[PDB]
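**Q** any chance you could fold what I've pasted below:
(one chain, ligands or ions: 4)
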Amino acid sequence: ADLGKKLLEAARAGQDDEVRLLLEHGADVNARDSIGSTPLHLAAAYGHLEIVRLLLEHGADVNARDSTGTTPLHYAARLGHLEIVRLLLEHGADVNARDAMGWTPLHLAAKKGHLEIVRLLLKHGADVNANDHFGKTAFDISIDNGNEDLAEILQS
Ligand SMILES: [Mg+2]
Ligand SMILES: [Mg+2]
Ligand SMILES: [Mg+2]
Ligand SMILES: [Mg+2]
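**A** Residues are numbered from 1 along each chain as shown. Ligands and ions are numbered 1, 2, ... in the order given. Please find the structure below.
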């Protein structure tokens, strides 16, 4: 296989030394799979913090979008990986990126009940008044979902 297909595979699987190698030997850091996912997307999704650091150090596009408009920060926020959320934000991730449904990382964290993530996104400039395409804010999702603590952080 092409260096980029391997990198995607390695990233998803958490193979740190294999990702480290591929990058040192010129694999496309932003290689795309069938749905537009990059290595970064996959590492952020599957919780591979070390691979996220490696990728970012080798110039990964921190704000890459897949076919659904989903960024690595959306995945890290949705799936609860607070230390990856922190790292991505420190590397210039777009805190208010909207996916195809209009959801920001904040909306995704609110949907999934991730409080410490909500608190960290709000700390780095998340737009608490952002409406998704359904016309709802992160708060409204909290109410519908039924999350008292999160409903509460969102309205301080
Ligand atoms: Mg991002
Ligand atoms: Mg983003
Ligand atoms: Mg946000
Ligand atoms: Mg927001």
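**Q** what parts of this protein come near ligand 4?
**A** Within the chain, the positions adjacent to ligand 4 are 104, 106, 126, 127, 130 by CB under 5 Å from the ion. In this view, the C-beta of every residue, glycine as well, is placed from N, C-alpha and C.
**Q** nearest residue to residue 76 in space, ignoring adjacent ones along the chain?
**A** residue 84 (4.0 Å; CB to CB, 6 or more residues apart in numbering).
**Q** measure the one you found to residue 152 for me?
**A** 25 Å (CB to CB, to the nearest Å).
**Q** between the two, which is the more surrounded one?
**A** residue 84 (27 against 12; other CB atoms under 10 Å).
**Q** tell me the contacts of the more buried one?
**A** Applying CB atoms under 8 Å, 6 or more residues apart in numbering to residue 84 gives the contacts 43, 44, 47, 49, 52, 72, 76.
**Q** okay, and which of these map to helices?
**A** Under the assignment DSSP state H, these contribute 43, 44, 49, 52, 72, 76 to helices.
**Q** closest to residue 15 out of the residues you listed?
**A** Nearest to residue 15 out of the ones in helices among the contacts of residue 84 is residue 43 (CB to CB; 10.5 Å).
**Q** show me the contacts for that closest one.
**A** Neighbouring residues of residue 43 by CB under 8 Å, 6+ apart: 11, 12, 19, 49, 51, 52, 55, 72, 84.
**Q** how about a markdown table for those, with distance to ligand 2 added?
**A** Output for these, formatted as a markdown table (distance: CB to the ion, whole Å):
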| residue | distance to ligand 2 |
| --- | --- |
| 11 | 18 |
| 12 | 19 |
| 19 | 21 |
| 49 | 17 |
| 51 | 18 |
| 52 | 13 |
| 55 | 15 |
| 72 | 7 |
| 84 | 12 |
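**Q** can I get those in JSON lines including distance to residue 121?
**A** Compiled in JSON lines, the contacts of residue 43 are given as follows (distance: CB to CB, whole Å):
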{"residue": "11", "distance to residue 121": "24"}
{"residue": "12", "distance to residue 121": "25"}
{"residue": "19", "distance to residue 121": "27"}
{"residue": "49", "distance to residue 121": "18"}
{"residue": "51", "distance to residue 121": "22"}
{"residue": "52", "distance to residue 121": "17"}
{"residue": "55", "distance to residue 121": "21"}
{"residue": "72", "distance to residue 121": "14"}
{"residue": "84", "distance to residue 121": "13"}
